[PDB]
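These notes are about the structure you will find just below.
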Protein chains: 2
Amino acid sequence: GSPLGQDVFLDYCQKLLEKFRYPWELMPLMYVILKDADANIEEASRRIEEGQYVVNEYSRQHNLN
Amino acid sequence: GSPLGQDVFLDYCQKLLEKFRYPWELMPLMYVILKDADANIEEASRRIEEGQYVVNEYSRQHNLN
């Protein structure tokens with residue numbers, strides 16, 4: 001019923017958290033992102049990445065001049 | 001999206017960013033979360049919430065504060 005399945009989950013977060021070196025308070029975010037990407041960092045990172053670029057891109061196109 | 005497919009998306013993001021008062025640098029995260037919750041803040045917030053509690057909870061059992 002509840003093996004490491006959860007522990008690993010937080011472990012990936014700490015890793016996704018390390019991959020993006022996010023602060024310790026964004027664990028709830030890293031946590032959800034993985035909940036969607038089946039918890040697969042490689043599959044979860046591709047989202048954040050697009051996100052980082054996505055958001056940044058939205059900032060490049062507009063350059064907030 | 002070219003029409004109101006992406007813009008709305010960032011709108012929810014900025015809103016989710018406001019609902020949780022997250023800094024402006026977590027738009028890539030608020031962005032992904034919405035990507036999983038059909039972009040519906042209500043369905044997306046429920047995850048974060050469980051997340052905040054989830055992580056916080058994991059912080060109580062082990063007592064990390």
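If you're wondering about the labels, chains in the structure tokens are A, B, ... by order shown, residues count from 1 in each chain, ligands from 1 in order shown.
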**Request:** For chain A, work out the contacting residues on chain B at 6 Å, counting only C-alpha atoms, and write them as a PyMOL selection string.
**Result:** chain B and resi 28+33+36+48+51-52+55
List the spatial neighbours of residue 19 in chain B as a compact mmCIF listing (two decimals) with N, CA, C and O atoms, in the first residue's frame - criterion: any atom at most 10 Å away, only C-alpha atoms, same-chain residues fewer than 4 positions off excluded.
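Final output, out19.txt:
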```
# COMPACT_ATOMS: atom_id res chain seq x y z
N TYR B 12 -3.85 32.26 -16.33
CA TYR B 12 -4.06 31.36 -15.16
C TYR B 12 -2.75 31.31 -14.39
O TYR B 12 -2.70 31.49 -13.19
N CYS B 13 -1.68 31.06 -15.08
CA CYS B 13 -0.35 31.01 -14.42
C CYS B 13 -0.21 32.23 -13.52
O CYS B 13 -0.09 32.12 -12.32
N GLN B 14 -0.26 33.40 -14.10
CA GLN B 14 -0.15 34.64 -13.29
C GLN B 14 -1.18 34.61 -12.16
O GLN B 14 -0.92 35.03 -11.06
N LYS B 15 -2.35 34.09 -12.41
CA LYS B 15 -3.36 34.01 -11.33
C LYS B 15 -2.87 32.99 -10.31
O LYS B 15 -2.67 33.29 -9.15
N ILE B 41 -7.16 26.30 -12.82
CA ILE B 41 -6.58 26.61 -11.48
C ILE B 41 -7.24 25.74 -10.41
O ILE B 41 -6.57 25.16 -9.57
N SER B 45 -4.78 24.01 -8.49
CA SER B 45 -4.53 24.40 -7.07
C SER B 45 -4.66 23.16 -6.17
O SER B 45 -3.84 22.92 -5.31
```
**Request:** One decimal, Å: what's the distance from CA of residue 9 in chain B over to CA of residue 62 in chain A, could you say?
**Result:** 16.3 Å
**Request:** From a DSSP pass on the backbone, collect the residues of chain B flagged as alpha helix (DSSP H) and hand them back as a VMD selection string.
**Result:** chain B and resid 6 to 19 27 to 36 41 to 61
Would you mind exporting the chosen residues as a PDB file, in the first residue's frame, restricted to C-alpha atoms?
```pdb
ATOM      1  CA  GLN B   6      -1.518  30.383 -24.636  1.00  0.00           C
ATOM      2  CA  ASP B   7      -2.275  33.905 -23.330  1.00  0.00           C
ATOM      3  CA  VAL B   8      -5.094  32.508 -21.157  1.00  0.00           C
ATOM      4  CA  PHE B   9      -2.609  29.866 -20.039  1.00  0.00           C
ATOM      5  CA  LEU B  10      -0.196  32.536 -18.797  1.00  0.00           C
ATOM      6  CA  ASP B  11      -3.198  34.374 -17.342  1.00  0.00           C
ATOM      7  CA  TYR B  12      -4.059  31.362 -15.155  1.00  0.00           C
ATOM      8  CA  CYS B  13      -0.350  31.006 -14.423  1.00  0.00           C
ATOM      9  CA  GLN B  14      -0.150  34.640 -13.292  1.00  0.00           C
ATOM     10  CA  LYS B  15      -3.362  34.014 -11.326  1.00  0.00           C
ATOM     11  CA  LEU B  16      -2.121  30.740  -9.799  1.00  0.00           C
ATOM     12  CA  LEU B  17       1.018  32.797  -9.167  1.00  0.00           C
ATOM     13  CA  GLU B  18      -1.265  35.192  -7.240  1.00  0.00           C
ATOM     14  CA  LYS B  19      -3.453  32.541  -5.561  1.00  0.00           C
ATOM     15  CA  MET B  27       5.850  31.094 -13.776  1.00  0.00           C
ATOM     16  CA  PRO B  28       7.512  28.072 -15.505  1.00  0.00           C
ATOM     17  CA  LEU B  29       6.260  25.938 -12.588  1.00  0.00           C
ATOM     18  CA  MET B  30       2.773  27.489 -12.331  1.00  0.00           C
ATOM     19  CA  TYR B  31       2.776  27.031 -16.115  1.00  0.00           C
ATOM     20  CA  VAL B  32       3.508  23.267 -16.047  1.00  0.00           C
ATOM     21  CA  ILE B  33       1.109  22.597 -13.139  1.00  0.00           C
ATOM     22  CA  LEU B  34      -1.721  24.142 -15.218  1.00  0.00           C
ATOM     23  CA  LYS B  35      -0.584  22.003 -18.201  1.00  0.00           C
ATOM     24  CA  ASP B  36      -1.568  18.942 -16.160  1.00  0.00           C
ATOM     25  CA  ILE B  41      -6.578  26.608 -11.479  1.00  0.00           C
ATOM     26  CA  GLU B  42      -9.215  24.840  -9.375  1.00  0.00           C
ATOM     27  CA  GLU B  43      -7.959  21.425 -10.531  1.00  0.00           C
ATOM     28  CA  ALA B  44      -4.359  22.734 -10.504  1.00  0.00           C
ATOM     29  CA  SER B  45      -4.532  24.396  -7.071  1.00  0.00           C
ATOM     30  CA  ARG B  46      -5.878  21.174  -5.519  1.00  0.00           C
ATOM     31  CA  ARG B  47      -2.566  19.540  -6.516  1.00  0.00           C
ATOM     32  CA  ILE B  48      -0.326  22.326  -5.179  1.00  0.00           C
ATOM     33  CA  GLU B  49      -2.424  22.431  -2.020  1.00  0.00           C
ATOM     34  CA  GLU B  50      -2.048  18.698  -1.448  1.00  0.00           C
ATOM     35  CA  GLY B  51       1.559  19.354  -2.367  1.00  0.00           C
ATOM     36  CA  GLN B  52       2.087  22.176   0.170  1.00  0.00           C
ATOM     37  CA  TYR B  53       0.414  19.993   2.756  1.00  0.00           C
ATOM     38  CA  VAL B  54       2.095  16.892   1.345  1.00  0.00           C
ATOM     39  CA  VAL B  55       5.618  18.342   1.619  1.00  0.00           C
ATOM     40  CA  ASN B  56       4.786  20.195   4.847  1.00  0.00           C
ATOM     41  CA  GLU B  57       3.260  16.975   6.210  1.00  0.00           C
ATOM     42  CA  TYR B  58       6.371  14.984   5.257  1.00  0.00           C
ATOM     43  CA  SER B  59       8.123  17.742   7.205  1.00  0.00           C
ATOM     44  CA  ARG B  60       6.028  17.024  10.332  1.00  0.00           C
ATOM     45  CA  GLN B  61       6.446  13.233  10.527  1.00  0.00           C
TER      46      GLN B  61
END
```
